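**Student:** To start, I am sharing the structure in question, which I have written as structure tokens.
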Amino acid sequence: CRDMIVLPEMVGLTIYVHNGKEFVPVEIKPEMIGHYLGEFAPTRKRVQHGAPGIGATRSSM
Amino acid sequence: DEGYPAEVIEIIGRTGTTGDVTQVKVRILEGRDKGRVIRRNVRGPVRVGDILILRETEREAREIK
Amino acid sequence: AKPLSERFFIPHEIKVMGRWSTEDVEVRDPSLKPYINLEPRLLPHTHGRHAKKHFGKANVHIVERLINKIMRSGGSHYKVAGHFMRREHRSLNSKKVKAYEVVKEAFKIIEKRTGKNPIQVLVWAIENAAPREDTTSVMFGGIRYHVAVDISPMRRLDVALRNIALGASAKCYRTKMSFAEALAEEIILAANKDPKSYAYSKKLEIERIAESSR
Amino acid sequence: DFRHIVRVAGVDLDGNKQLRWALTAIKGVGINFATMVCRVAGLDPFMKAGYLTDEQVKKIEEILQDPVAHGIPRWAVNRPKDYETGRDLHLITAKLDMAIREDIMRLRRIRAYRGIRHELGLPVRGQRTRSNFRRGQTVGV
Amino acid sequence: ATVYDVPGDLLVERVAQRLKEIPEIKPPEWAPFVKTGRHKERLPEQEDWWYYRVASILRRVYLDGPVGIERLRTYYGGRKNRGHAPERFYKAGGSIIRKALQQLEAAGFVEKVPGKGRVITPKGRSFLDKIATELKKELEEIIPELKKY
Amino acid sequence: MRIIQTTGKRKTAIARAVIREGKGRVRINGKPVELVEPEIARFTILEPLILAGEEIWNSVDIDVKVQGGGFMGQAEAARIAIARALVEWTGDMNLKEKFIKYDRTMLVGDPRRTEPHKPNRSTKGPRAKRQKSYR
Amino acid sequence: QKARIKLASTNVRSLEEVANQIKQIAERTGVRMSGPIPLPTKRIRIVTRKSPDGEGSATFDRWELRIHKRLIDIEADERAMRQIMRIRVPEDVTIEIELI
RNA sequence: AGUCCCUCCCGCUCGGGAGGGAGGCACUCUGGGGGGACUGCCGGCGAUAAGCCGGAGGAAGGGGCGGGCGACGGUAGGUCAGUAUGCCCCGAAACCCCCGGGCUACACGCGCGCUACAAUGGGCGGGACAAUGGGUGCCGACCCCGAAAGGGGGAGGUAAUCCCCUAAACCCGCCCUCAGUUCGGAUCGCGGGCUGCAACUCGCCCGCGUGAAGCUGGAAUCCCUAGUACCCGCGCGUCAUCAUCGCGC
Ligand SMILES: [Mg+2]
Ligand SMILES: [Mg+2]
Ligand SMILES: [Mg+2]
Ligand SMILES: [Mg+2]
Ligand SMILES: [Mg+2]
Ligand SMILES: [Mg+2]
Ligand SMILES: [Mg+2]
Ligand SMILES: [Mg+2]
Ligand SMILES: [Mg+2]
Ligand SMILES: [Mg+2]
């Protein structure tokens, strides 16, 4: 359930939220009240770019 | 200085690289050569009875077919 | 602001915009005489019925021709005084009421500054700004050359009107002057053969280049 | 009488402008809010800012301290329903800057999605990034 | 002389001046802080814009009645600038129009026709036509062709 | 107790005019013609009346109802209707030739209408098209 | 005491045939008839892309279906009402009868 | 529209307006049928033919104007991922359901656009005039509440009847006076709403605040011949919600 809203009675527990391929731990802190759980479980990996390949510019085609 | 008026009396045909020029025959109305008939190249639309202002009246265009 | 006698103005005679008569206006140039139309007419708006027929623009009142000429953007695909002038959404394209107002205010300014009939001053301007010799281009050896030719009266009139409008357009662009003031300034300067006018300078340059290639 | 520089709430105000537009130099005050405070103070929004007297400046600053208590509606302030106190506040100058910084810092402490986006310098409100938002140098192939 | 014989804007100005003597027209408490529609950008600049809006609404009811809130909301809308998106038409809000119509009824100038809208009572018709006659008398001194009408 | 009715059309604007004996009052949709705005529209309506002359002008009353079109389209339809009414009421042939010398369209109308749009940028016009690219 | 008759069809000829039958029935007796009134035609226009795939220039079809209408008002008389109830329409004409 | 009855207004009413009712089909409109234009008339050129050029009259003049309809074939052009279908494969997974992710990532190259770089303007108040289409899982007038977005009731409408539906550019008055500005409105903070089973990834709307690049564009290159191009808004498709698009006005 990524659309569950964090409530005060949930403070102090640790929940494992599905991100698409695995469950990640989230430690609920008081300043999280009012947010969806999914905000703490990213679903994409950060992008580190490589070298542009063939066809990346006009001259390489 | 102020040119010489001439009057169009005949249309001969189109010419130029892109067909933008017409050859005509004019009759001088003023000056030393009043009454003479010579042919000229004109740019722009023209019809019989128009009046041109020539800066000189001793140059004549080469005849076209 | 504008007095109510001007907001609700009613004419009673056929005269240009109900304010100026064109009876005493005469044209000096013998070639342009049968192409400057001066028949009596109240409203200079003919709704574009002349574009269909050949030579049909000959019988269109000269004030309406000026109004049509200034109803534009100005510098779309060639540079005027060193700049493109692309106004787009803030231009005068298809807004003929505003152009009418601009021409009216310019005529009032002209009458105030010089004391003469504004149509007469306009005629003088177009007489002084109409070139008499032009040039055509030929290509040889990958190089372009000029050859001098003559100009028909209709093309003379068209070029003069376009150059006057372009000069006025350039003078008010991103400066504190207004469009009506620039138009008045341009017409007055052209009527006095002042080189500071865009149209007169253009005519001089065209004729000089044509002469240097006979 | 006329002063070319008048100091209000720690910002110098041009004395030649109309009061409503002179007031906008303060960070946290736009044109609409300025007109509201001019009307509440009972001053003509079209008067020159240079004719303000000392008591009028004091009154303007008093209003800017707590607009709600002087009759300005609660839906007009720039921080209604404060996250800590729960009240309706209006912040200007440094206080505004540090409040915004604290909001972003709170988002970053809990490792929320928007906090990560703030850290990486990427769009936060759901924009596409394949075509636009390019600030850099062309790479060679 | 009737309302049909004089320019609209001039009549609205005179009527707005005249409406300041009627005790039942008082701008509400939230008047200082509002825009007149979501398509606007800044607040009104006249310190007495309420009277202008009321005079315009009264003249509107005189000419097109019976008429309700929604159609007037259409009339007072306009074009909006939307940043990088193309401009679009939007309607105005409803509170100003509703409060103005209620005050006009309280002053006895309009009345309610059930299921149809609001119409001008004889008192309001006389009120507008008197000002129209006076304005026309003033105006024809400089436009002599207006004496025939 | 003569009454004459005439009709004018101009690009979706339709005008119906009624002419009768009177003192010289002309109204457009109930408004005096002297207060029509802007000025360029007021002069469009007044041209036939000025051409006819003051003697004929002051001896008739005209009421015109016009609908459709725009502010410039509505003025021209009214002008056509008024010209036709004037020539029919007085029935003099010197005036009819005078109208034709000044402006033929006053009496024969204008048949132009919009051209329907076509695909490839259909919303802009029948002939305007999208910018073409090759690479 | 008067009856209102509505007709509609996609074929203009059948509509006229049924209307003429009604007019003859009314004339064949002493009865007043409000003539067949032509009401505005319904046009259903549907525009579709032609190609099954998305390659090539985009071209379109404009299909159209037209529905014509008539309106007849006649006073209810038993001698004539039965006759107009005994007339049977072609399969492509819709007829409805009501009492006003 | 003319004629008649009643009511209400103004300069007090000779005169001039606005509603309603009787009444009419005149005018507009709607839509069936018919007329009208044929190089027919006139003068030239060409051959004396085919035709061309220029005039009258005319609503219209020389395919009258704008559309539909694309020959025998080729392109081993696109489509088996709309449907039809041969062969080859998978056939307890390559078939059938459910939950959560993705197609929305981001040093960078390119196409088509929208908003601008201001006075041929920006703002505030006031005044004008459309057409095409669509509506029962829907269009909703009219009244009430709210600053707004919106909320609560709800006539009429299966529609030439009721509704969407009192467009914008334009005109009049006042403020700003050539400035990164009262030009521009990207980015971000806080708060309030709607649709939906669900709004974080990843929706649309409103209020206050914030205030980036941009001062007219190199070499190159696109569209358009008349109610056309430019400028300005609107309807339908898609659609529970969402239009910088498509087709039309
Ligand atoms: Mg408005
Ligand atoms: Mg803009
Ligand atoms: Mg179009
Ligand atoms: Mg193939
Ligand atoms: Mg192939
Ligand atoms: Mg995709
Ligand atoms: Mg701005
Ligand atoms: Mg989100
Ligand atoms: Mg600048
Ligand atoms: Mg699409």
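Residue numbering restarts at 1 for every chain of the structure tokens, chains are lettered A, B, ... in their displayed order, and ligands are numbered from 1 as they appear.
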Report as a ChimeraX atom specification all protein, DNA and RNA residues lying within 7 Å of residue 93 of chain G, evaluated on only C-alpha atoms (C1' of nucleotides), omitting residues in the same chain fewer than 4 positions from it.
**Tutor:** /G:7-9,15,89
**Student:** Excluding residue 122 of chain F and its own-chain neighbours fewer than 2 positions away, which residues fall within 12 Å of it when counting only C-alpha atoms (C1' of nucleotides)? Please give them as a list in words.
**Tutor:**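 Result of the neighbour search: residues 115, 116, 117, 118, 119, 120, 124, 125, 126, 127, 128, 129 and 130 of chain F; 59 and 60 of chain G; 245, 246, 247, 248 and 249 of chain H.
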**Student:** Residues within 10 Å of ligand 7 should be enumerated using only C-alpha atoms (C1' of nucleotides) and all ligand atoms and returned as a PyMOL selection string.
**Tutor:** (chain E and resi 41+81) or (chain H and resi 122-123+182-185)
**Student:** Hey, which residues come within 12 Å of ligand 6 if we count only C-alpha atoms (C1' of nucleotides) and all ligand atoms? Could you give them as number ranges by chain?
**Tutor:** D: 128, 130; H: 102-104
**Student:** Name the residues, by chain letter and number, that sit within 10 Å of ligand 1 using only C-alpha atoms (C1' of nucleotides) and all ligand atoms, and give them as number ranges by chain.
**Tutor:** E: 75-79; H: 125-127
**Student:** How would the residues just picked look written out with C-alpha atoms (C1' of nucleotides) as a PDB file, in the first residue's frame?
**Tutor:**
ATOM      1  CA  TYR E  75     -21.274  39.323 -19.272  1.00  0.00           C
ATOM      2  CA  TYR E  76     -18.582  40.388 -16.791  1.00  0.00           C
ATOM      3  CA  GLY E  77     -16.015  37.764 -17.771  1.00  0.00           C
ATOM      4  CA  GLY E  78     -13.181  38.235 -20.186  1.00  0.00           C
ATOM      5  CA  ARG E  79      -9.883  37.067 -21.596  1.00  0.00           C
TER       6      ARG E  79
ATOM      7  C1'   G H 125     -13.157  50.975 -14.821  1.00  0.00           C
ATOM      8  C1'   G H 126     -16.899  51.271 -18.716  1.00  0.00           C
ATOM      9  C1'   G H 127     -19.299  50.319 -24.037  1.00  0.00           C
TER      10        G H 127
END
**Student:** Please determine the contact residues of chain D with respect to chain A at a cut-off of 6 Å, counting only C-alpha atoms, and supply them as a PyMOL selection string.
**Tutor:** chain D and resi 112-113+141
**Student:** Atoms to include: C-alpha atoms. Write the selected residues as a compact mmCIF listing (two decimals), in the first residue's frame.
**Tutor:**
# COMPACT_ATOMS: atom_id res chain seq x y z
CA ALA D 112 11.22 12.50 1.23
CA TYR D 113 11.01 12.47 -2.56
CA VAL D 141 30.78 11.82 -29.87
**Student:** Take atom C1' of residue 105 of chain H and atom CA of residue 22 of chain A and report the distance between them in Å, one decimal.
**Tutor:** 19.0 Å
**Student:** Please check which protein, DNA or RNA residues sit within 10 Å of ligand 4, counting only C-alpha atoms (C1' of nucleotides) and all ligand atoms, and write them as a PDB file with N, CA and C atoms (P, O5', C5', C4', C3', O3' and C1' of nucleotides), in the first residue's frame.
**Tutor:**
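What landed in pocket_10.pdb:
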ATOM      1  P     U H  75       8.016  -3.395 -58.395  1.00  0.00           P
ATOM      2  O5'   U H  75       8.287  -2.224 -57.354  1.00  0.00           O
ATOM      3  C5'   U H  75       9.377  -1.326 -57.510  1.00  0.00           C
ATOM      4  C4'   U H  75       9.206  -0.108 -56.637  1.00  0.00           C
ATOM      5  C3'   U H  75       9.208  -0.362 -55.136  1.00  0.00           C
ATOM      6  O3'   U H  75      10.516  -0.330 -54.590  1.00  0.00           O
ATOM      7  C1'   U H  75       7.366   1.023 -55.735  1.00  0.00           C
ATOM      8  P     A H  76      11.511  -1.574 -54.747  1.00  0.00           P
ATOM      9  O5'   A H  76      10.537  -2.810 -54.938  1.00  0.00           O
ATOM     10  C5'   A H  76      10.893  -4.113 -54.499  1.00  0.00           C
ATOM     11  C4'   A H  76       9.768  -4.724 -53.713  1.00  0.00           C
ATOM     12  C3'   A H  76       9.890  -4.602 -52.199  1.00  0.00           C
ATOM     13  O3'   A H  76       8.609  -4.335 -51.639  1.00  0.00           O
ATOM     14  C1'   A H  76       9.641  -6.865 -52.801  1.00  0.00           C
ATOM     15  P     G H  77       8.471  -3.397 -50.353  1.00  0.00           P
ATOM     16  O5'   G H  77       8.670  -1.924 -50.906  1.00  0.00           O
ATOM     17  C5'   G H  77       9.659  -1.067 -50.358  1.00  0.00           C
ATOM     18  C4'   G H  77       9.058   0.200 -49.802  1.00  0.00           C
ATOM     19  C3'   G H  77       8.202   0.048 -48.558  1.00  0.00           C
ATOM     20  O3'   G H  77       8.966  -0.011 -47.370  1.00  0.00           O
ATOM     21  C1'   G H  77       7.068   1.386 -50.128  1.00  0.00           C
ATOM     22  P     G H  78       8.624  -1.077 -46.224  1.00  0.00           P
ATOM     23  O5'   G H  78       7.246  -0.581 -45.603  1.00  0.00           O
ATOM     24  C5'   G H  78       7.207   0.504 -44.690  1.00  0.00           C
ATOM     25  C4'   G H  78       5.822   0.750 -44.144  1.00  0.00           C
ATOM     26  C3'   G H  78       5.141  -0.418 -43.464  1.00  0.00           C
ATOM     27  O3'   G H  78       5.607  -0.637 -42.146  1.00  0.00           O
ATOM     28  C1'   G H  78       3.603   0.695 -44.869  1.00  0.00           C
ATOM     29  P     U H  79       5.595  -2.113 -41.529  1.00  0.00           P
ATOM     30  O5'   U H  79       4.056  -2.441 -41.316  1.00  0.00           O
ATOM     31  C5'   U H  79       3.293  -1.789 -40.312  1.00  0.00           C
ATOM     32  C4'   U H  79       1.832  -2.134 -40.423  1.00  0.00           C
ATOM     33  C3'   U H  79       1.489  -3.609 -40.345  1.00  0.00           C
ATOM     34  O3'   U H  79       1.436  -4.095 -39.014  1.00  0.00           O
ATOM     35  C1'   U H  79       0.338  -2.623 -42.158  1.00  0.00           C
TER      36        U H  79
END
**Student:** In terms of the shortest atom-to-atom distance over only C-alpha atoms (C1' of nucleotides), which of C:11, C:75, C:18, C:142 is closest to chain H?
**Tutor:**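 Once distances to chain H are computed over only C-alpha atoms (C1' of nucleotides), the minimum belongs to C:75.
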**Student:** Please, which residues have at least one atom within 7 Å of an atom of ligand 8, using only C-alpha atoms (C1' of nucleotides) and all ligand atoms, listed as a list in words?
**Tutor:**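 The neighbouring residues of ligand 8 are, in order, residues 126 of chain D; 199, 200 and 202 of chain H.
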**Student:** Find the spatial neighbours of residue 63 of chain G, counting only C-alpha atoms (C1' of nucleotides), within a cut-off of 8 Å - ignore same-chain residues fewer than 4 positions away - and output them as a PyMOL selection string.
**Tutor:** chain G and resi 45-47
**Student:** May I ask you to extract the residues of chain C within 12 Å of chain H, using only C-alpha atoms (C1' of nucleotides), and to give them as a PyMOL selection string?
**Tutor:** chain C and resi 1-4+7-8+47-53+70-80+82-99+101-102+168-180+182
**Student:** List every residue of segment 9-145 of chain E that DSSP, applied to the backbone of this structure, places in alpha helix (DSSP H), and write the result as a PyMOL selection string.
**Tutor:** chain E and resi 9-18+49-64+69-75+95-106+122-139
**Student:** Near residue 37 of chain E, within 12 Å and counting only C-alpha atoms (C1' of nucleotides), which residues show up once chain neighbours fewer than 5 positions away are dropped, as a ChimeraX atom specification?
**Tutor:** /E:42-44,73-80,89-97 /H:147-149,206
**Student:** Can you list, as a list in words, all residues belonging to chain A that DSSP tags as strand (DSSP E)?
**Tutor:** residues 14, 15, 16, 17, 18, 23, 24, 25, 26 and 27 of chain A
**Student:** Find the spatial neighbours of residue 15 of chain F, counting only C-alpha atoms (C1' of nucleotides), within a cut-off of 6 Å - ignore same-chain residues fewer than 5 positions away - and output them as number ranges by chain.
**Tutor:** F: 7-8, 65-66, 77-78
**Student:** List the spatial neighbours of residue 159 of chain H as a list in words - criterion: any atom at most 12 Å away, only C-alpha atoms (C1' of nucleotides), same-chain residues fewer than 2 positions off excluded.
**Tutor:**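 With the cut-off at 12 Å, the set is residues 134, 135, 136, 139, 156, 157, 161, 162 and 163 of chain H.
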